[PDB]
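Shown below: query11.txt, with compact mmCIF, C-alpha atoms and all ligand atoms.
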```
# COMPACT_ATOMS: atom_id res chain seq x y z
CA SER A 1 27.81 -6.36 11.32
CA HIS A 2 25.96 -8.93 9.17
CA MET A 3 26.43 -10.86 5.93
CA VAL A 4 25.70 -8.39 3.12
CA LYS A 5 21.87 -7.88 2.79
CA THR A 6 20.06 -6.72 -0.35
CA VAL A 7 17.23 -4.28 0.55
CA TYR A 8 14.54 -2.66 -1.56
CA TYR A 9 13.84 0.68 0.11
CA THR A 10 11.34 3.01 -1.66
CA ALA A 11 8.49 5.54 -1.03
CA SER A 12 5.00 4.64 -2.33
CA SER A 13 1.46 6.02 -2.28
CA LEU A 14 -0.63 4.28 0.51
CA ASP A 15 -2.35 2.29 -2.33
CA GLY A 16 0.92 0.92 -3.84
CA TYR A 17 2.18 3.24 -6.71
CA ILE A 18 5.51 5.00 -6.77
CA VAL A 19 5.51 7.12 -9.81
CA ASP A 20 2.17 8.63 -10.92
CA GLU A 21 0.73 8.38 -14.47
CA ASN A 22 2.18 11.86 -15.41
CA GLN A 23 5.63 10.35 -14.67
CA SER A 24 6.18 12.56 -11.63
CA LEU A 25 6.84 12.56 -7.86
CA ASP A 26 5.11 15.82 -6.91
CA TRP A 27 2.79 13.90 -4.60
CA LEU A 28 6.01 12.94 -2.68
CA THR A 29 8.26 16.03 -2.58
CA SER A 30 6.77 18.59 -0.05
CA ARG A 31 5.87 16.07 2.73
CA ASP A 32 7.21 16.23 6.32
CA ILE A 33 9.95 13.60 6.89
CA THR A 34 12.57 13.25 9.69
CA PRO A 35 15.74 11.80 8.02
CA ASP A 36 17.30 10.92 11.41
CA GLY A 37 14.17 9.11 12.82
CA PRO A 38 12.73 5.52 12.42
CA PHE A 39 13.57 4.05 9.04
CA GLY A 40 14.92 7.51 8.16
CA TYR A 41 17.25 7.97 5.22
CA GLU A 42 20.24 9.05 7.39
CA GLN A 43 20.47 5.81 9.37
CA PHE A 44 19.59 3.72 6.26
CA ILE A 45 22.20 5.18 3.88
CA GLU A 46 25.05 4.60 6.39
CA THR A 47 24.37 0.84 6.09
CA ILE A 48 24.60 0.85 2.26
CA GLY A 49 27.75 0.15 0.10
CA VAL A 50 26.33 0.09 -3.45
CA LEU A 51 23.17 1.19 -5.38
CA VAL A 52 21.39 -0.63 -8.20
CA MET A 53 18.41 0.88 -10.11
CA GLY A 54 16.61 0.69 -13.39
CA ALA A 55 16.96 3.04 -16.33
CA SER A 56 13.88 5.23 -15.55
CA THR A 57 14.93 5.66 -11.87
CA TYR A 58 18.40 6.68 -13.06
CA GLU A 59 16.96 9.21 -15.56
CA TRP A 60 14.74 10.64 -12.80
CA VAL A 61 17.83 11.09 -10.58
CA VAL A 62 19.87 12.88 -13.25
CA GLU A 63 16.93 15.18 -14.27
CA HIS A 64 15.77 16.50 -10.83
CA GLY A 65 17.98 18.46 -8.33
CA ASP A 66 21.40 16.88 -7.52
CA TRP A 67 21.05 14.05 -5.05
CA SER A 68 24.59 13.24 -4.11
CA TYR A 69 25.52 9.77 -2.83
CA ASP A 70 29.03 8.38 -2.08
CA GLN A 71 28.46 4.74 -3.19
CA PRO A 72 29.05 3.22 -6.61
CA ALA A 73 25.95 2.77 -8.69
CA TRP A 74 24.83 0.17 -11.22
CA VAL A 75 22.04 0.85 -13.72
CA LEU A 76 20.03 -1.87 -15.45
CA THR A 77 19.59 -0.47 -19.01
CA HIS A 78 19.94 -1.30 -22.73
CA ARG A 79 20.88 2.40 -23.22
CA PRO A 80 24.46 3.28 -22.13
CA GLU A 81 23.99 6.75 -23.53
CA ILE A 82 21.86 7.73 -20.53
CA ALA A 83 25.02 8.13 -18.46
CA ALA A 84 25.34 11.68 -17.11
CA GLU A 85 28.62 13.16 -16.05
CA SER A 86 27.02 14.34 -12.77
CA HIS A 87 26.21 10.64 -11.92
CA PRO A 88 28.80 8.23 -13.28
CA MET A 89 27.58 4.60 -13.15
CA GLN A 90 28.12 1.09 -14.50
CA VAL A 91 25.60 -0.30 -17.02
CA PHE A 92 24.49 -3.95 -16.80
CA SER A 93 21.89 -5.62 -19.06
CA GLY A 94 20.27 -9.04 -18.53
CA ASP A 95 19.72 -11.45 -15.62
CA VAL A 96 20.16 -9.68 -12.19
CA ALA A 97 21.26 -13.01 -10.67
CA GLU A 98 24.49 -12.69 -12.72
CA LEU A 99 25.01 -9.10 -11.53
CA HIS A 100 24.34 -9.84 -7.84
CA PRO A 101 27.75 -11.31 -6.81
CA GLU A 102 29.45 -8.21 -8.27
CA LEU A 103 27.15 -5.89 -6.24
CA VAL A 104 27.98 -7.84 -3.07
CA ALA A 105 31.74 -7.63 -3.88
CA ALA A 106 31.45 -3.89 -4.70
CA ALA A 107 29.58 -3.09 -1.40
CA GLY A 108 32.73 -3.43 0.85
CA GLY A 109 30.97 -5.55 3.41
CA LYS A 110 28.01 -3.10 3.59
CA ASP A 111 24.52 -3.66 2.03
CA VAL A 112 23.13 -3.49 -1.48
CA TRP A 113 20.27 -0.99 -2.02
CA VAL A 114 17.75 -1.67 -4.81
CA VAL A 115 16.56 1.88 -5.48
CA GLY A 116 13.74 0.98 -7.92
CA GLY A 117 11.60 0.76 -9.87
CA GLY A 118 9.15 -2.02 -8.94
CA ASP A 119 10.03 -4.05 -12.03
CA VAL A 120 13.76 -4.19 -10.97
CA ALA A 121 12.79 -5.14 -7.42
CA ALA A 122 10.52 -7.98 -8.77
CA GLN A 123 13.47 -9.27 -10.79
CA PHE A 124 15.54 -9.51 -7.62
CA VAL A 125 12.61 -11.09 -5.69
CA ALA A 126 12.01 -13.68 -8.50
CA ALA A 127 15.75 -14.59 -8.18
CA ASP A 128 15.30 -14.91 -4.38
CA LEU A 129 17.92 -12.17 -3.67
CA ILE A 130 15.92 -9.49 -1.65
CA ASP A 131 16.44 -9.88 2.11
CA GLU A 132 14.25 -6.90 3.24
CA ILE A 133 11.66 -4.56 1.81
CA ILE A 134 11.20 -1.07 3.40
CA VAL A 135 8.31 1.01 2.18
CA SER A 136 7.52 4.57 3.30
CA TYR A 137 3.84 5.21 2.46
CA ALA A 138 2.89 8.84 1.73
CA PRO A 139 -0.56 9.97 2.93
CA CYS A 140 -2.18 9.93 -0.53
CA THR A 141 -3.69 7.58 -3.08
CA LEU A 142 -2.82 7.60 -6.75
CA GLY A 143 -5.12 4.86 -8.22
CA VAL A 144 -2.73 4.16 -11.16
CA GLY A 145 1.05 4.49 -11.85
CA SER A 146 4.12 2.28 -11.57
CA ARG A 147 3.43 -0.54 -9.10
CA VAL A 148 5.64 -0.81 -5.97
CA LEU A 149 6.20 -4.60 -6.39
CA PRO A 150 4.26 -5.97 -9.33
CA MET A 151 4.14 -9.74 -8.43
CA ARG A 152 2.95 -12.34 -5.91
CA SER A 153 5.33 -12.63 -2.91
CA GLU A 154 5.25 -13.46 0.81
CA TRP A 155 7.20 -11.80 3.65
CA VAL A 156 7.43 -11.60 7.50
CA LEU A 157 6.56 -8.29 9.11
CA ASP A 158 9.36 -6.76 11.31
CA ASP A 159 7.59 -3.47 12.32
CA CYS A 160 6.20 -0.12 11.22
CA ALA A 161 6.64 3.41 12.60
CA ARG A 162 5.36 6.84 11.72
CA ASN A 163 8.14 9.15 10.32
CA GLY A 164 6.73 12.71 9.75
CA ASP A 165 3.92 12.32 7.18
CA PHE A 166 4.93 8.72 6.40
CA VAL A 167 4.07 5.24 7.55
CA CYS A 168 7.33 3.28 7.32
CA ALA A 169 7.27 -0.55 7.42
CA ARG A 170 9.97 -3.22 7.01
CA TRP A 171 9.28 -6.81 5.95
CA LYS A 172 11.83 -9.60 5.84
CA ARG A 173 12.36 -12.69 3.64
CA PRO A 174 10.66 -15.83 5.22
CA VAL A 175 13.19 -18.49 6.48
CA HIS B 2 -20.38 12.80 19.20
CA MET B 3 -20.13 13.79 15.53
CA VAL B 4 -21.05 10.77 13.40
CA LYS B 5 -17.88 9.80 11.39
CA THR B 6 -17.81 7.80 8.16
CA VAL B 7 -14.85 5.33 8.14
CA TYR B 8 -13.45 3.11 5.37
CA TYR B 9 -11.86 0.18 7.21
CA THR B 10 -10.41 -2.68 5.15
CA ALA B 11 -7.55 -5.16 4.81
CA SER B 12 -5.23 -4.87 1.78
CA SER B 13 -2.07 -6.55 0.42
CA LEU B 14 1.01 -4.32 1.16
CA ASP B 15 0.95 -3.26 -2.49
CA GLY B 16 -2.74 -2.10 -2.52
CA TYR B 17 -5.04 -4.95 -3.64
CA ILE B 18 -7.98 -6.46 -1.71
CA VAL B 19 -9.70 -9.11 -3.85
CA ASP B 20 -7.22 -11.20 -5.76
CA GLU B 21 -7.36 -12.02 -9.47
CA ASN B 22 -9.31 -15.25 -8.81
CA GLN B 23 -11.96 -13.30 -6.99
CA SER B 24 -10.85 -14.71 -3.57
CA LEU B 25 -9.63 -13.58 -0.07
CA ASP B 26 -7.30 -16.61 0.37
CA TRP B 27 -4.08 -14.86 1.00
CA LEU B 28 -5.87 -13.16 3.97
CA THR B 29 -7.46 -15.85 6.07
CA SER B 30 -4.56 -17.75 7.74
CA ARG B 31 -2.86 -14.54 8.98
CA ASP B 32 -2.19 -13.76 12.68
CA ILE B 33 -4.30 -10.81 13.87
CA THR B 34 -5.27 -9.56 17.38
CA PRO B 35 -9.01 -8.43 17.40
CA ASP B 36 -8.66 -6.38 20.60
CA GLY B 37 -5.29 -4.90 19.63
CA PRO B 38 -4.52 -1.51 18.00
CA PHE B 39 -7.01 -0.90 15.12
CA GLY B 40 -8.27 -4.49 15.77
CA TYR B 41 -11.80 -5.49 14.70
CA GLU B 42 -13.30 -5.75 18.18
CA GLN B 43 -12.31 -2.23 19.26
CA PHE B 44 -13.41 -0.89 15.87
CA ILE B 45 -16.84 -2.57 15.59
CA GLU B 46 -18.05 -1.24 18.96
CA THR B 47 -17.78 2.36 17.56
CA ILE B 48 -20.05 1.45 14.58
CA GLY B 49 -23.82 1.99 14.31
CA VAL B 50 -24.40 1.38 10.59
CA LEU B 51 -22.71 -0.52 7.68
CA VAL B 52 -22.72 0.08 3.99
CA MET B 53 -21.21 -2.14 1.25
CA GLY B 54 -21.31 -2.95 -2.49
CA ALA B 55 -23.21 -5.88 -4.05
CA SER B 56 -20.18 -8.19 -4.47
CA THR B 57 -19.10 -7.73 -0.85
CA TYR B 58 -22.68 -8.47 0.27
CA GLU B 59 -22.69 -11.64 -1.91
CA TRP B 60 -19.37 -12.98 -0.43
CA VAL B 61 -20.67 -12.29 3.10
CA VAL B 62 -23.89 -14.24 2.43
CA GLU B 63 -22.11 -17.03 0.51
CA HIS B 64 -19.38 -17.44 3.08
CA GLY B 65 -22.02 -16.71 5.73
CA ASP B 66 -19.02 -16.55 8.01
CA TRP B 67 -19.37 -13.19 9.66
CA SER B 68 -21.88 -11.67 12.11
CA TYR B 69 -23.11 -8.06 12.79
CA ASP B 70 -26.18 -6.42 14.38
CA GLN B 71 -25.94 -2.91 13.01
CA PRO B 72 -28.38 -2.17 10.22
CA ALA B 73 -26.68 -2.56 6.75
CA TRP B 74 -27.23 -0.79 3.45
CA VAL B 75 -26.25 -2.47 0.25
CA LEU B 76 -25.42 -0.53 -2.92
CA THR B 77 -26.94 -2.66 -5.60
CA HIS B 78 -29.11 -2.49 -8.76
CA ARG B 79 -30.20 -6.14 -8.17
CA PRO B 80 -32.29 -5.88 -5.00
CA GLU B 81 -32.92 -9.60 -5.68
CA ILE B 82 -29.54 -10.46 -4.00
CA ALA B 83 -30.94 -9.82 -0.46
CA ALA B 84 -30.77 -12.82 1.94
CA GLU B 85 -33.15 -13.24 4.84
CA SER B 86 -30.09 -14.49 6.77
CA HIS B 87 -28.39 -11.03 6.44
CA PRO B 88 -30.96 -8.21 6.58
CA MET B 89 -30.27 -4.96 4.69
CA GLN B 90 -31.72 -1.92 2.91
CA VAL B 91 -31.02 -1.70 -0.84
CA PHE B 92 -30.00 1.69 -2.26
CA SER B 93 -28.88 2.67 -5.79
CA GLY B 94 -27.45 5.93 -7.12
CA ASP B 95 -25.50 8.88 -5.76
CA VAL B 96 -24.09 7.97 -2.33
CA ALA B 97 -24.20 11.70 -1.40
CA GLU B 98 -28.02 11.17 -1.45
CA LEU B 99 -27.84 8.13 0.85
CA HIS B 100 -25.38 9.59 3.28
CA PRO B 101 -27.89 11.75 5.31
CA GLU B 102 -29.95 8.61 5.99
CA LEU B 103 -26.86 6.62 7.08
CA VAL B 104 -25.88 9.36 9.50
CA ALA B 105 -29.44 9.64 10.93
CA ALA B 106 -29.63 5.82 11.44
CA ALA B 107 -26.18 5.69 13.05
CA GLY B 108 -27.55 6.54 16.54
CA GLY B 109 -24.67 8.88 17.24
CA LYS B 110 -22.10 6.09 16.49
CA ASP B 111 -20.17 5.84 13.13
CA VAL B 112 -20.80 4.60 9.61
CA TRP B 113 -18.55 1.79 8.35
CA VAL B 114 -17.93 1.65 4.64
CA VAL B 115 -16.97 -2.02 4.27
CA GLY B 116 -15.88 -2.14 0.58
CA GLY B 117 -15.22 -2.58 -2.18
CA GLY B 118 -12.60 0.01 -3.33
CA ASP B 119 -15.08 1.41 -5.96
CA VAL B 120 -17.71 2.11 -3.26
CA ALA B 121 -15.08 3.71 -1.01
CA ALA B 122 -13.93 5.92 -3.99
CA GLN B 123 -17.56 7.18 -4.59
CA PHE B 124 -17.71 8.30 -0.95
CA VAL B 125 -14.25 9.90 -1.14
CA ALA B 126 -15.25 11.70 -4.39
CA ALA B 127 -18.30 13.16 -2.61
CA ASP B 128 -15.96 14.16 0.28
CA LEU B 129 -17.86 11.92 2.75
CA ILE B 130 -15.04 9.79 4.31
CA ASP B 131 -13.56 11.13 7.58
CA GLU B 132 -11.04 8.27 8.09
CA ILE B 133 -9.37 5.43 6.15
CA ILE B 134 -7.95 2.56 8.22
CA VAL B 135 -6.03 -0.08 6.20
CA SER B 136 -4.58 -3.35 7.64
CA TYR B 137 -1.75 -4.34 5.29
CA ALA B 138 -1.06 -8.08 5.00
CA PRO B 139 2.70 -9.18 4.67
CA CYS B 140 2.30 -10.10 0.98
CA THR B 141 2.12 -8.55 -2.48
CA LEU B 142 -0.48 -9.45 -5.12
CA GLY B 143 0.57 -7.33 -8.14
CA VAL B 144 -3.05 -7.27 -9.49
CA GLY B 145 -6.63 -7.50 -8.15
CA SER B 146 -9.24 -5.03 -6.97
CA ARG B 147 -7.66 -1.72 -5.95
CA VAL B 148 -7.87 -0.55 -2.35
CA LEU B 149 -8.89 3.00 -3.26
CA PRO B 150 -8.85 3.59 -6.95
CA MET B 151 -8.56 7.37 -7.36
CA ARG B 152 -6.33 10.32 -6.52
CA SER B 153 -6.86 11.55 -2.91
CA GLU B 154 -4.99 13.35 -0.09
CA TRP B 155 -5.03 12.65 3.65
CA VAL B 156 -3.35 13.46 6.97
CA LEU B 157 -1.66 10.53 8.73
CA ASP B 158 -2.94 9.78 12.23
CA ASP B 159 -0.71 6.82 13.15
CA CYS B 160 0.28 3.19 12.42
CA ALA B 161 0.81 0.13 14.60
CA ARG B 162 1.64 -3.46 14.04
CA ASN B 163 -1.22 -5.85 14.86
CA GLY B 164 -0.04 -9.49 14.56
CA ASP B 165 1.10 -10.02 10.91
CA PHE B 166 -0.42 -6.72 9.75
CA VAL B 167 0.69 -3.13 9.47
CA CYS B 168 -2.38 -1.04 10.48
CA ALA B 169 -2.56 2.71 9.74
CA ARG B 170 -5.20 5.38 9.97
CA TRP B 171 -5.37 8.53 7.87
CA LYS B 172 -7.87 11.38 8.25
CA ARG B 173 -9.59 13.82 5.85
CA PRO B 174 -7.77 17.22 5.82
CA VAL B 175 -9.85 19.83 7.74
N1 LIG C 201 10.66 6.91 -5.09
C1 LIG C 201 11.91 6.96 -5.59
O1 LIG C 201 13.07 6.62 -4.84
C2 LIG C 201 12.11 7.42 -7.00
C3 LIG C 201 11.32 6.92 -8.06
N2 LIG C 201 11.47 7.28 -9.40
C4 LIG C 201 11.49 6.13 -10.36
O2 LIG C 201 10.98 6.26 -11.70
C5 LIG C 201 10.67 4.90 -12.03
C6 LIG C 201 9.89 4.55 -13.30
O3 LIG C 201 9.33 3.25 -13.08
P1 LIG C 201 9.82 1.81 -13.70
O4 LIG C 201 9.42 1.79 -15.15
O5 LIG C 201 9.39 0.70 -12.76
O6 LIG C 201 11.41 2.11 -13.77
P2 LIG C 201 12.81 1.41 -13.60
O7 LIG C 201 13.67 2.52 -13.06
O8 LIG C 201 12.89 0.10 -12.93
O9 LIG C 201 13.31 1.23 -15.17
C7 LIG C 201 12.84 0.13 -15.91
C8 LIG C 201 13.67 0.18 -17.18
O10 LIG C 201 14.99 -0.22 -16.86
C9 LIG C 201 15.49 -1.05 -17.91
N3 LIG C 201 15.66 -2.37 -17.30
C10 LIG C 201 14.94 -2.88 -16.23
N4 LIG C 201 15.47 -4.14 -15.98
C11 LIG C 201 16.53 -4.38 -16.87
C12 LIG C 201 17.42 -5.46 -17.04
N5 LIG C 201 17.45 -6.53 -16.21
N6 LIG C 201 18.37 -5.37 -18.03
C13 LIG C 201 18.48 -4.25 -18.83
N7 LIG C 201 17.58 -3.18 -18.67
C14 LIG C 201 16.62 -3.26 -17.70
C15 LIG C 201 14.49 -1.00 -19.07
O11 LIG C 201 14.79 0.21 -19.76
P3 LIG C 201 15.60 0.28 -21.14
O12 LIG C 201 15.35 -1.07 -21.84
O13 LIG C 201 15.06 1.51 -21.92
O14 LIG C 201 17.07 0.44 -20.95
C16 LIG C 201 13.21 -0.79 -18.26
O15 LIG C 201 12.19 -0.12 -18.97
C17 LIG C 201 9.88 4.44 -10.81
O16 LIG C 201 9.62 3.05 -10.72
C18 LIG C 201 10.72 5.00 -9.69
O17 LIG C 201 11.64 4.08 -9.16
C19 LIG C 201 12.40 8.23 -9.67
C20 LIG C 201 13.24 8.80 -8.70
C21 LIG C 201 13.17 8.46 -7.25
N1 LIG C 202 -13.52 -6.06 3.19
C1 LIG C 202 -13.00 -7.16 2.68
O1 LIG C 202 -11.62 -7.44 2.71
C2 LIG C 202 -13.95 -8.14 2.06
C3 LIG C 202 -14.12 -8.14 0.67
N2 LIG C 202 -14.97 -9.02 0.03
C4 LIG C 202 -14.77 -9.23 -1.45
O2 LIG C 202 -14.94 -7.99 -2.12
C5 LIG C 202 -15.26 -8.29 -3.47
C6 LIG C 202 -16.14 -7.21 -4.01
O3 LIG C 202 -15.31 -6.13 -4.24
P1 LIG C 202 -15.67 -5.28 -5.52
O4 LIG C 202 -15.69 -6.17 -6.72
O5 LIG C 202 -14.79 -4.08 -5.48
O6 LIG C 202 -17.22 -4.92 -5.35
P2 LIG C 202 -18.26 -4.22 -4.34
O7 LIG C 202 -18.54 -5.10 -3.16
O8 LIG C 202 -17.93 -2.81 -4.09
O9 LIG C 202 -19.51 -4.25 -5.36
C7 LIG C 202 -19.47 -3.56 -6.61
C8 LIG C 202 -20.88 -3.66 -7.17
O10 LIG C 202 -21.84 -3.07 -6.31
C9 LIG C 202 -22.78 -2.32 -7.06
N3 LIG C 202 -22.67 -0.88 -6.79
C10 LIG C 202 -21.54 -0.17 -6.48
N4 LIG C 202 -21.90 1.13 -6.31
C11 LIG C 202 -23.25 1.25 -6.51
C12 LIG C 202 -24.14 2.34 -6.46
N5 LIG C 202 -23.78 3.53 -5.99
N6 LIG C 202 -25.47 2.12 -6.70
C13 LIG C 202 -25.93 0.84 -7.01
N7 LIG C 202 -25.05 -0.22 -7.09
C14 LIG C 202 -23.73 -0.02 -6.81
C15 LIG C 202 -22.54 -2.68 -8.52
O11 LIG C 202 -23.20 -3.90 -8.72
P3 LIG C 202 -24.63 -4.03 -9.42
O12 LIG C 202 -24.96 -2.87 -10.33
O13 LIG C 202 -24.67 -5.36 -10.09
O14 LIG C 202 -25.70 -4.06 -8.35
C16 LIG C 202 -21.03 -2.94 -8.49
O15 LIG C 202 -20.57 -3.78 -9.52
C17 LIG C 202 -16.01 -9.59 -3.54
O16 LIG C 202 -15.54 -10.27 -4.68
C18 LIG C 202 -15.64 -10.25 -2.22
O17 LIG C 202 -14.97 -11.45 -2.53
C19 LIG C 202 -15.68 -9.92 0.79
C20 LIG C 202 -15.59 -10.01 2.19
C21 LIG C 202 -14.68 -9.10 2.97
NA NA C 203 33.30 -4.04 -9.87
```

Produce structure tokens that represent the structure in this file.
Amino acid sequence: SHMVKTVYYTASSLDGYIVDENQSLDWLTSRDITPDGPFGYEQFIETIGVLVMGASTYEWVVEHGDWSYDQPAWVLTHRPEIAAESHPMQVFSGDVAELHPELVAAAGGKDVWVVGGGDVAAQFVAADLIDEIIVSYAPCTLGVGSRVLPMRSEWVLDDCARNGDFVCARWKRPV
Amino acid sequence: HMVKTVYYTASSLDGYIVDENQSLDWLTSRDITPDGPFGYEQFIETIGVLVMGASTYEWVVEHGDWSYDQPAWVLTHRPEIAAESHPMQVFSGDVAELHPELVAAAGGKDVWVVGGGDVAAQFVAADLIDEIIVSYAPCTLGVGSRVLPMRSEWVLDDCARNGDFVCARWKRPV
């Protein structure tokens, strides 16, 4: 029970890249993870009432397996045609600060999850709307790729914990 | 024991060490606990030799703000940069060539690869790093010198909070 929080929760290489240069997540997919442990997906997703993601993140979701989530989803895109029948969603284009009160209203008192990518998260951080960042670092470097949070920003560390092959850490907005 | 080679460095949470203005500003007013988990004091006592790039050696001499009594090797093509105040052996070339000498001078303690990311990557590429230990500061930089600029795979040992920092240690697969 809190005011609705907006949280950016993502996996990353230990050196700060999500997606590699070849546009894939193979470095992520066969790692040990414990979805019911510390910062695990099972406890996290129960707190969440709505998803928001960019166009590439949405395309990745509709093109790999069939990740099923119960919450409504918003996609930041100039391309409505991306919509797949397997993943219905609401398109929004423009300033995320205008979208944010609708996400909070659509979340049913639960939290807003910023799925990615780093450019979408930075938009929310530049509008001052991210309350928490949760990064699960995989035990590899990539050197190059999409950056986890491509800007200058300051946070307060809450804590970190190992979860399988991952280092999971949560930071909070300074007050 | 077996002499290990360890890359131990601070980084922003998003993977940059030196910022775009060539400074370590965002690092210096942060709470850390030297004798805590992965803290500097417990680390340094396991170290018998240091090795670092030219730019790191220059900042250390110019900020003159840090002490050490292990012997130090500096990877530089400008052996002119040496300061009497911070003694060191110059080496240039393939670090795989230098690494037997570091290990023999380590007196059975470990070799600390200080930085930068480029120097760490040359060791990793020659399969010479046994452990990476990164202390992540609670900030992002977006750009700057990369913590480890190459593709590599590791096994996670563990992480722990130390003051403002997330510290984590990964090991070479064996
Ligand atoms: N680790 C994970 O959970 C997963 C990661 N991947 C994702 O693949 C992504 C690719 O990276 P990145 O490029 O950062 O991708 P994003 O998913 O953030 O997509 C960015 C694109 O979204 C559109 N967009 C972003 N902001 C707005 C806006 N305010 N208004 C309208 N359109 C906007 C633009 O596309 P356009 O103009 O063409 O519409 C832009 O190119 C990774 O970042 C990662 O998140 C994939 C699956 C899972
Ligand atoms: N650990 C930390 O958090 C600290 C970091 N620093 C900072 O780090 C920064 C330096 O980082 P970075 O720029 O990555 O540089 P490095 O310290 O790794 O130095 C890179 C330079 O060292 C030389 N070099 C590298 N490899 C070799 C080789 N095998 N043989 C011969 N010469 C070699 C080259 O210089 P050349 O050919 O000219 O000799 C190269 O340009 C400094 O700007 C400093 O501010 C400072 C204090 C603490
Ligand atoms: Na609505």

Dump as a list in words the residues of chain B that approach chain A to within 7 Å, counting all atoms listed in the file.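 Using all atoms listed in the file, chain B residues at most 7 Å from chain A: residues 15, 16, 139, 140, 141, 142, 143, 148, 149, 150, 151, 152, 153, 154, 155, 156, 157, 159, 160, 161, 162, 165 and 167 of chain B.
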
Using all atoms listed in the file, what are the residues with an atom within 8 Å of ligand NA 203 (chain C), set out as a ChimeraX atom specification? /A:102-103,105-106

Taking all atoms listed in the file into account, which residues are within 6 Å of ligand LIG 201 (chain C), as JSON, numbers by chain? {"A": [10, 11, 18, 19, 53, 54, 55, 56, 57, 60, 61, 76, 77, 78, 79, 93, 94, 95, 96, 115, 116, 117, 118, 119, 120, 146]}

Taking all atoms listed in the file and a cut-off of 6 Å, can you tell me which residues surround ligand LIG 202 (chain C), written as a PyMOL selection string? chain B and resi 10-11+18-19+23-24+53-57+60-61+76-79+93-96+115-120+146

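Atom CA of residue 52 of chain B is positioned 17.9 Å from atom CA of residue 64 of chain B.
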